[PDB]
Amino acid sequence: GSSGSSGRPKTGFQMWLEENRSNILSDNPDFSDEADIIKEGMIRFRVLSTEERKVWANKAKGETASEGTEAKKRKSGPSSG
C-alpha cells in the first residue's frame, strides 16, 4: 500500500495549500505533519472565494500565469505544446 503522485501536474489546492500552509502554521504550530495541514487546508480552500477557487485552479495549470513557456520551432517539451 503506497500513495503518492507520478510526474503528475498541480491543482488549485496544491498551489494554495503550499501558499497558505505557512499561514496555517503561524496560527497553529501544533501541525507537525502535512496530513494535519491538509485536513485544514481543505477547510479554508473549500470556503475560498468563488474567484479564488477558479483562480488557484488556473494558476497550477501553468498557462495564463506570470511566467510562461517558450518553444522554438513549435517543438515538444516539458510543457504541453
# chains A, B, ... in the order shown; residues from 1 in each chain; ligands from 1
$ residues_around --residues "residue 8 of chain A" --least-positions-apart "2" --cutoff "12 Å" --atoms "only C-alpha atoms" --output "PyMOL selection string"
chain A and resi 4-6+10-11+14+60-61+78
$ write_last_selection --atoms "N, CA and C atoms" --output "PDB file, in the first residue's frame"
ATOM      1  N   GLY A   4       0.781   8.295  -3.551  1.00  0.00           N
ATOM      2  CA  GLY A   4       1.621   9.393  -3.996  1.00  0.00           C
ATOM      3  C   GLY A   4       1.227   9.905  -5.366  1.00  0.00           C
ATOM      4  N   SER A   5       2.188  10.488  -6.076  1.00  0.00           N
ATOM      5  CA  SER A   5       1.935  11.027  -7.408  1.00  0.00           C
ATOM      6  C   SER A   5       3.109  10.746  -8.340  1.00  0.00           C
ATOM      7  N   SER A   6       2.797  10.404  -9.586  1.00  0.00           N
ATOM      8  CA  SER A   6       3.826  10.106 -10.577  1.00  0.00           C
ATOM      9  C   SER A   6       3.876  11.189 -11.650  1.00  0.00           C
ATOM     10  N   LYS A  10      -0.105  19.934 -11.086  1.00  0.00           N
ATOM     11  CA  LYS A  10      -0.534  20.521  -9.822  1.00  0.00           C
ATOM     12  C   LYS A  10      -1.975  21.013  -9.911  1.00  0.00           C
ATOM     13  N   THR A  11      -2.644  21.083  -8.764  1.00  0.00           N
ATOM     14  CA  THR A  11      -4.029  21.537  -8.714  1.00  0.00           C
ATOM     15  C   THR A  11      -4.159  22.812  -7.889  1.00  0.00           C
ATOM     16  N   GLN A  14      -3.058  22.401  -4.474  1.00  0.00           N
ATOM     17  CA  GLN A  14      -1.617  22.231  -4.331  1.00  0.00           C
ATOM     18  C   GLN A  14      -0.908  23.583  -4.318  1.00  0.00           C
ATOM     19  N   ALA A  60      -2.185  26.736 -11.041  1.00  0.00           N
ATOM     20  CA  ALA A  60      -1.488  25.456 -11.046  1.00  0.00           C
ATOM     21  C   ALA A  60      -1.382  24.894 -12.459  1.00  0.00           C
ATOM     22  N   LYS A  61      -2.380  25.189 -13.285  1.00  0.00           N
ATOM     23  CA  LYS A  61      -2.399  24.714 -14.663  1.00  0.00           C
ATOM     24  C   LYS A  61      -1.077  25.015 -15.361  1.00  0.00           C
ATOM     25  N   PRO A  78       8.707  19.981 -21.844  1.00  0.00           N
ATOM     26  CA  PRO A  78       8.102  19.704 -20.539  1.00  0.00           C
ATOM     27  C   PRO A  78       6.743  20.377 -20.374  1.00  0.00           C
TER      28      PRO A  78
END
$ residues_around --residues "residue 42 of chain A" --least-positions-apart "6" --cutoff "10 Å" --atoms "only C-alpha atoms" --output "MDAnalysis selection string"
chainID A and resid 13 16:17 48
$ write_last_selection --atoms "N, CA, C and O atoms" --output "PDB file, in the first residue's frame"
ATOM      1  N   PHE A  13      -5.536  23.319  -5.192  1.00  0.00           N
ATOM      2  CA  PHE A  13      -5.292  23.044  -3.781  1.00  0.00           C
ATOM      3  C   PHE A  13      -3.796  22.926  -3.501  1.00  0.00           C
ATOM      4  O   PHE A  13      -3.325  23.300  -2.427  1.00  0.00           O
ATOM      5  N   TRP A  16      -2.516  26.688  -3.538  1.00  0.00           N
ATOM      6  CA  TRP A  16      -2.988  27.429  -2.374  1.00  0.00           C
ATOM      7  C   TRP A  16      -2.472  26.802  -1.083  1.00  0.00           C
ATOM      8  O   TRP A  16      -1.950  27.496  -0.210  1.00  0.00           O
ATOM      9  N   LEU A  17      -2.620  25.487  -0.969  1.00  0.00           N
ATOM     10  CA  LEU A  17      -2.169  24.766   0.216  1.00  0.00           C
ATOM     11  C   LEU A  17      -0.695  25.046   0.496  1.00  0.00           C
ATOM     12  O   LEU A  17      -0.302  25.262   1.641  1.00  0.00           O
ATOM     13  N   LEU A  48     -13.108  29.095   0.003  1.00  0.00           N
ATOM     14  CA  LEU A  48     -12.463  30.169  -0.746  1.00  0.00           C
ATOM     15  C   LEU A  48     -13.482  30.937  -1.582  1.00  0.00           C
ATOM     16  O   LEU A  48     -14.586  30.453  -1.832  1.00  0.00           O
TER      17      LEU A  48
END
$ atom_distance --atom1 "atom CA of residue 45 of chain A" --atom2 "atom CA of residue 25 of chain A"
15.2 Å
$ select_by_dssp --residues "chain A" --states "alpha helix (DSSP H)" --output "ChimeraX atom specification"
/A:12-27,34-45,50-59
$ write_last_selection --atoms "N, CA, C and O atoms" --output "compact mmCIF listing (two decimals), in the first residue's frame"
# COMPACT_ATOMS: atom_id res chain seq x y z
N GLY A 12 -5.33 23.44 -7.95
CA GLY A 12 -5.56 24.66 -7.21
C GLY A 12 -5.26 24.50 -5.73
O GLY A 12 -4.78 25.44 -5.08
N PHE A 13 -5.54 23.32 -5.19
CA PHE A 13 -5.29 23.04 -3.78
C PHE A 13 -3.80 22.93 -3.50
O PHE A 13 -3.32 23.30 -2.43
N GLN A 14 -3.06 22.40 -4.47
CA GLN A 14 -1.62 22.23 -4.33
C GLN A 14 -0.91 23.58 -4.32
O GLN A 14 0.11 23.75 -3.65
N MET A 15 -1.46 24.54 -5.06
CA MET A 15 -0.88 25.88 -5.13
C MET A 15 -1.24 26.69 -3.89
O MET A 15 -0.37 27.31 -3.28
N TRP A 16 -2.52 26.69 -3.54
CA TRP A 16 -2.99 27.43 -2.37
C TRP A 16 -2.47 26.80 -1.08
O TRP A 16 -1.95 27.50 -0.21
N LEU A 17 -2.62 25.49 -0.97
CA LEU A 17 -2.17 24.77 0.22
C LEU A 17 -0.70 25.05 0.50
O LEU A 17 -0.30 25.26 1.64
N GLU A 18 0.11 25.04 -0.56
CA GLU A 18 1.54 25.30 -0.43
C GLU A 18 1.81 26.79 -0.26
O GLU A 18 2.92 27.19 0.11
N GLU A 19 0.80 27.61 -0.54
CA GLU A 19 0.93 29.05 -0.42
C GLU A 19 0.27 29.56 0.86
O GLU A 19 0.50 30.69 1.29
N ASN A 20 -0.55 28.71 1.47
CA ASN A 20 -1.24 29.06 2.71
C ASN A 20 -0.71 28.26 3.89
O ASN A 20 -0.80 28.68 5.04
N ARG A 21 -0.14 27.09 3.59
CA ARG A 21 0.41 26.22 4.63
C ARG A 21 1.17 27.04 5.67
O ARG A 21 0.99 26.84 6.87
N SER A 22 2.01 27.95 5.20
CA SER A 22 2.80 28.79 6.09
C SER A 22 1.89 29.64 6.98
O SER A 22 2.22 29.92 8.13
N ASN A 23 0.75 30.05 6.44
CA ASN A 23 -0.20 30.86 7.18
C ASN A 23 -0.97 30.02 8.19
O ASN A 23 -1.38 30.51 9.24
N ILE A 24 -1.17 28.75 7.85
CA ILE A 24 -1.89 27.83 8.73
C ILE A 24 -1.08 27.51 9.98
O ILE A 24 -1.64 27.36 11.07
N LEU A 25 0.23 27.41 9.81
CA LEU A 25 1.12 27.10 10.93
C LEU A 25 1.25 28.31 11.86
O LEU A 25 1.13 28.18 13.08
N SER A 26 1.51 29.47 11.28
CA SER A 26 1.66 30.70 12.05
C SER A 26 0.58 30.80 13.12
O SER A 26 0.80 31.37 14.19
N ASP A 27 -0.59 30.26 12.82
CA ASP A 27 -1.71 30.29 13.75
C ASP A 27 -1.75 29.02 14.59
O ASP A 27 -2.05 29.07 15.79
N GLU A 34 2.15 17.03 7.32
CA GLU A 34 1.34 17.52 6.22
C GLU A 34 -0.08 16.99 6.31
O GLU A 34 -1.03 17.67 5.92
N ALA A 35 -0.23 15.78 6.82
CA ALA A 35 -1.54 15.16 6.97
C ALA A 35 -2.48 16.05 7.77
O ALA A 35 -3.67 16.13 7.47
N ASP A 36 -1.94 16.72 8.78
CA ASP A 36 -2.73 17.61 9.62
C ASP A 36 -2.92 18.97 8.95
O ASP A 36 -3.90 19.66 9.20
N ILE A 37 -1.97 19.34 8.10
CA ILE A 37 -2.03 20.61 7.40
C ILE A 37 -3.03 20.56 6.25
O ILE A 37 -3.70 21.55 5.95
N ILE A 38 -3.14 19.40 5.62
CA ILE A 38 -4.06 19.22 4.50
C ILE A 38 -5.51 19.26 4.98
O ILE A 38 -6.35 19.97 4.42
N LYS A 39 -5.80 18.49 6.03
CA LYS A 39 -7.15 18.43 6.59
C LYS A 39 -7.69 19.83 6.85
O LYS A 39 -8.89 20.07 6.76
N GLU A 40 -6.78 20.76 7.17
CA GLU A 40 -7.17 22.13 7.45
C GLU A 40 -7.22 22.95 6.16
O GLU A 40 -8.14 23.74 5.96
N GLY A 41 -6.23 22.76 5.30
CA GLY A 41 -6.18 23.48 4.05
C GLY A 41 -7.44 23.30 3.22
O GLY A 41 -7.86 24.21 2.50
N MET A 42 -8.05 22.12 3.33
CA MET A 42 -9.27 21.82 2.58
C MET A 42 -10.46 22.60 3.15
O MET A 42 -11.39 22.93 2.43
N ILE A 43 -10.41 22.87 4.45
CA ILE A 43 -11.48 23.61 5.12
C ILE A 43 -11.50 25.06 4.67
O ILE A 43 -12.57 25.66 4.51
N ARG A 44 -10.32 25.64 4.48
CA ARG A 44 -10.21 27.03 4.05
C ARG A 44 -10.24 27.13 2.53
O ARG A 44 -10.64 28.16 1.98
N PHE A 45 -9.83 26.07 1.86
CA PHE A 45 -9.82 26.04 0.40
C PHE A 45 -11.22 25.79 -0.16
O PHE A 45 -11.54 26.22 -1.27
N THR A 50 -15.44 32.40 -4.67
CA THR A 50 -15.79 31.84 -5.97
C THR A 50 -14.71 32.16 -7.00
O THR A 50 -14.54 31.43 -7.98
N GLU A 51 -14.00 33.26 -6.79
CA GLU A 51 -12.94 33.68 -7.70
C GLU A 51 -11.62 33.01 -7.34
O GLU A 51 -10.90 32.51 -8.21
N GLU A 52 -11.29 33.01 -6.05
CA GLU A 52 -10.05 32.41 -5.57
C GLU A 52 -9.93 30.96 -6.05
O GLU A 52 -8.87 30.53 -6.48
N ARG A 53 -11.04 30.23 -5.96
CA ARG A 53 -11.06 28.83 -6.38
C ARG A 53 -10.66 28.70 -7.84
O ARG A 53 -9.61 28.13 -8.17
N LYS A 54 -11.50 29.21 -8.73
CA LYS A 54 -11.24 29.15 -10.16
C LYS A 54 -9.85 29.68 -10.49
O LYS A 54 -9.17 29.16 -11.36
N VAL A 55 -9.44 30.73 -9.77
CA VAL A 55 -8.13 31.33 -9.98
C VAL A 55 -7.02 30.34 -9.66
O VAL A 55 -6.24 29.96 -10.54
N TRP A 56 -6.94 29.93 -8.40
CA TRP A 56 -5.91 28.99 -7.97
C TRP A 56 -5.89 27.76 -8.87
O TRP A 56 -4.83 27.18 -9.11
N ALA A 57 -7.05 27.38 -9.37
CA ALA A 57 -7.16 26.22 -10.25
C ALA A 57 -6.55 26.51 -11.62
O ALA A 57 -6.12 25.60 -12.33
N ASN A 58 -6.50 27.79 -11.98
CA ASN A 58 -5.94 28.20 -13.27
C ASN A 58 -4.44 28.46 -13.14
O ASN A 58 -3.70 28.37 -14.13
N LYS A 59 -4.00 28.77 -11.93
CA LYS A 59 -2.59 29.04 -11.68
C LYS A 59 -1.76 27.76 -11.77
O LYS A 59 -0.77 27.70 -12.50
$ residues_around --residues "residue 71 of chain A" --least-positions-apart "5" --cutoff "8 Å" --atoms "only C-alpha atoms" --output "PyMOL selection string"
chain A and resi 76-77+81
$ write_last_selection --atoms "N, CA and C atoms" --output "PDB file, in the first residue's frame"
ATOM      1  N   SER A  76       8.324  19.991 -29.050  1.00  0.00           N
ATOM      2  CA  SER A  76       7.733  19.471 -27.824  1.00  0.00           C
ATOM      3  C   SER A  76       8.695  19.627 -26.650  1.00  0.00           C
ATOM      4  N   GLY A  77       8.140  19.704 -25.444  1.00  0.00           N
ATOM      5  CA  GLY A  77       8.961  19.854 -24.257  1.00  0.00           C
ATOM      6  C   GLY A  77       8.223  19.476 -22.989  1.00  0.00           C
ATOM      7  N   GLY A  81       2.542  21.242 -25.525  1.00  0.00           N
ATOM      8  CA  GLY A  81       2.518  22.151 -26.655  1.00  0.00           C
ATOM      9  C   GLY A  81       1.776  21.578 -27.845  1.00  0.00           C
TER      10      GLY A  81
END
$ atom_distance --atom1 "atom CA of residue 62 of chain A" --atom2 "atom CA of residue 75 of chain A"
17.6 Å
$ atom_distance --atom1 "atom CA of residue 47 of chain A" --atom2 "atom CA of residue 67 of chain A"
27.5 Å
